[PDB]
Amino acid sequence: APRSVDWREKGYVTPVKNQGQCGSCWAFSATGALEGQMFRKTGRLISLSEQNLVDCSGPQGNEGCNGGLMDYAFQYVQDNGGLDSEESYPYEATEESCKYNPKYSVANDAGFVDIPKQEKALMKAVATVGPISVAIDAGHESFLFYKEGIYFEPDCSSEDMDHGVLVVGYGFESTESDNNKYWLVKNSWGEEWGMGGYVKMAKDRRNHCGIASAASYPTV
């Protein structure tokens, strides 16, 4: 792979969003990955509806504000034949009945790819595909309070992830030979969290916080 990647600079990434007090992280992770792949296919970046996924993707296994998986969201888009735009189907931070309208669909996918569970494969996918949906262990106050720099939490688990986010690139701080490496991660807690809503997460430390444990992207 390249030494560093940032897909924001290539037009693949919408602004940071805010899931509110709803356990819909998986929906924001899924729309981010689909936004990236639809841009790769068409050259147009269009913000996608998390509310459409929250309300409508139960049949694929999601549970609205009580949690879900990005792969189940990619399966819904395939099954349904579409996903509405954010503008047409705005986010309400609470589960409601399904109001999908095909007139306003702006995305589709034909399934998904699960990445092998290690960071060299994750890096290859980020470099060759675009932004990648991942699950991490975010369940520490250090993550809530993160401000800047490379996040490393001694008690992070590589097995027990609870929060879905989006890898948009990677790189290094300091001189290269220090191996001060990070994943560039878009969160869905608003731009006041973190570094404008982003976090750099420890890279190449044996899958810190599980970032390579449940990584995937949609096939468009």
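So that there is no doubt, residue numbering starts at 1 and follows the sequence shown.
- In this entry, 90 to 98 has the higher mean Cα B-factor, the comparison being between 90 to 98 and 120 to 128.
- The stretch with the higher mean CA B factor, choosing between 170 to 178 and 36 to 44, is 170 to 178.
- As recorded in the entry, 161 carries the highest CA temperature factor of 27, 165, 184, 161.
- In this PDB entry, the Cα temperature factor of residue 214 sits in the middle third of its chain's modelled residues.
- Per-chain ranking of the deposited C-alpha B factor places residue 21 in the highest third.
- Looking at the C-alpha B-factors along this chain, the one for residue 108 belongs to the highest third.
- When the CA B factors of the chain's modelled residues are split into thirds, the value for residue 83 lands in the lowest one.
- When the CA B factors of the chain's modelled residues are split into thirds, the value for residue 150 lands in the middle one.
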